[PDB]
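Heads up, the chain below is alone and in the form deposited in one PDB entry; it's given as structure tokens.
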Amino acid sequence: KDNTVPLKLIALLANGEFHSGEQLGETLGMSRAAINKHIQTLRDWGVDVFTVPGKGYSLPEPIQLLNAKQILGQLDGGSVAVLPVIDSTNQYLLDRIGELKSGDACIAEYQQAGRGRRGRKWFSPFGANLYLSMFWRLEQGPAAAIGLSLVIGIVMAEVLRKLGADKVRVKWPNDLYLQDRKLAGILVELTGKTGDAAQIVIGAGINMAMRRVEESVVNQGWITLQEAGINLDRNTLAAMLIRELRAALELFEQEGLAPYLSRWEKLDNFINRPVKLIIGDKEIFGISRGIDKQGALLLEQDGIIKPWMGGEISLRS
């Protein structure tokens, strides 16, 4: 229920070097046994820590802790809150909706209640991945939310394809895949009034340096950038994402989906494959062929191609 010690601890180990319990316990003022209890809390947070007789405690690889002012300096205005431990970055912005401005972001080292759609859970181990959320004020209201979801998918895919990710594709209308496994989850939440503006919170959970996953939280099948072959400074990659999304949406307000229609066709990881759609709880099946101009997924269930505006797509086993 109290996080200061384990945080101070991860700050120490964060350099990838050995710290003996004797030294840690000295720096921190507690018994060696107590220093191990905190080491144990870090392990619960998803931090991987080992011990080596003589040397001490270590991280398999260094961690580059997020630095607000560091990411801020690579930006054009905008505000960025960097949080050690949060319930959900999305929740964090939703709660601050009235003081926010478009493109404001919030990013955390660790989520204790990271979430997805349909009440699902999003595995968020400390410091291994990017847990980033950005706020946006869509002047053209809720009707524009889906197209917005599509722009985000296309943009993040682009930023990562330019860094080594070849087979990184998008999922209609949220999430990134690669070699056919959730590489990143995107959760767009919103409050609006039809005929007025929509307040939007975009949440992205990008799998980067993660090594092991908890089978009963992630049954699905996952993948990481680290397994793609890339090691991005989270601080660097957050910069590039906020920069690009802020510009891509500024542009989508001005031109709609139009400039993104073709880009979606190349990136759809599901264009032309046996899929399945879920509406509430009533199952429905078929095949797919891109989207239309208003961003609706095009579903051919037996010869005829009808467009659906909602639901969750997925390959069928």
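Heads up: residue numbers just count along the shown sequence, starting at 1. Basically, rigid core = biggest C-alpha set you can superpose within 1.5 Å across the two forms.
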| query | finding |
| --- | --- |
| Unresolved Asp76 in a third or more of other entries flanked by modelled residues | no |
| Absent coordinates for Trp222 in a third or more of other compared entries | no |
| Mean temperature factor over C-alpha atoms, higher-scoring stretch between 213-221 and 100-108 | 213-221 |
| Comparing 167-175 with 115-123, the one whose average Cα B-factor in the PDB entry is higher | 167-175 |
| Which of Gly147, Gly192, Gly77, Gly153 ranks first by CA B-factor in the deposited coordinates | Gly77 |
| Residue of maximum C-alpha B factor among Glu253, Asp44, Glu26, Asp48, per deposited coordinates | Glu26 |
| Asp87 - Cα temperature factor, lowest/middle/highest third of chain | lowest |
| Position of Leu9 among the chain's modelled residues by C-alpha B-factor, lowest, middle or highest third | lowest |
| Third assignment of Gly229 from its chain's C-alpha B-factors | middle |
| Third of the chain, ranked by Cα B-factor, where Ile63 sits | middle |
| Ranked C-alpha temperature factor of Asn269 among modelled chain residues, by third | highest |
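Omitted here: the form deposited in another entry. The next part is about that form.
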{"property": "C-alpha displacement of 2 Å or more between this form and the one not shown on the rigid core, among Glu250, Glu61, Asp292, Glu265", "result": "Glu61"}
{"property": "Shift of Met309 between this form and the one not shown at or above 2 Å (CA, core fit)", "result": "no"}
{"property": "Core-aligned CA displacement of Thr191 at least 2 Å between this form and the one not shown", "result": "no"}
{"property": "C-alpha of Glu227 moved at least 2 Å between this form and the one not shown on rigid core", "result": "yes"}
